[PDB]
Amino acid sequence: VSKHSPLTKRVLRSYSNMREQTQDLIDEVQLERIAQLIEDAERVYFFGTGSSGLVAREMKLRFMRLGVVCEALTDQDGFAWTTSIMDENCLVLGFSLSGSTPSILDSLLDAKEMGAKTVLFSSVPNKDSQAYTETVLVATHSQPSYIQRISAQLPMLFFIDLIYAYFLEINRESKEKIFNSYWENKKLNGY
């Protein structure tokens, strides 16, 4: 009976606490370090499932537009056939909020065995995480019950946007040129 209902209040609070939490978790030298891993990589891959898969889909879109040669895969067979053709010049970002999705975990090791660098985003620390090149711990939702939780993508979209910012300032002139081409008059499939 005030500016907002108890339900509108609960949602907006979960968002606020996701920003406060994410702030206390930032390891800027890691986030920047990863941003450079993308640049120095021949091919980048984003593995994810469910909502963690939608997070992988957007990242492919955003970085492709900055000139990155990348793909997003969201199913086990895609991971397995993609891993079989990886090398040391590959980088894999694995998205698993629970830190337990077997397909996501096994793929990063598969990528590790083929020589590729491996990054893991998850809200739950584990010990297999040592095996990966980096492990970015994201925020945990503030709703105890799964059903009442806000979008599962958010803990990860926070750190995607930060890595995006650190990456964009690396040789930004070239990236911003590749990005504006979408609107260019010569472009025959543009806006």
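In this text, residue numbers run from 1 along the sequence as written.
- In this entry, the higher average B-factor at the C-alpha atoms falls on 127-135, of the pair 127-135 and 161-169.
- Ranked by C-alpha B-factor against the other modelled residues of its chain, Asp77 falls in the middle third.
- Remark: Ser98 belongs to the lowest third of its chain, ranked by C-alpha B-factor as recorded.
- Among all modelled residues in this chain, the alpha-carbon of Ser84 has a temperature factor (C-alpha) in the lowest third.
- When the CA B factors of the chain's modelled residues are split into thirds, the value for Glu58 lands in the lowest one.
- Among the modelled residues of its chain, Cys70 has a C-alpha B-factor that falls in the lowest third, as given in the PDB entry.
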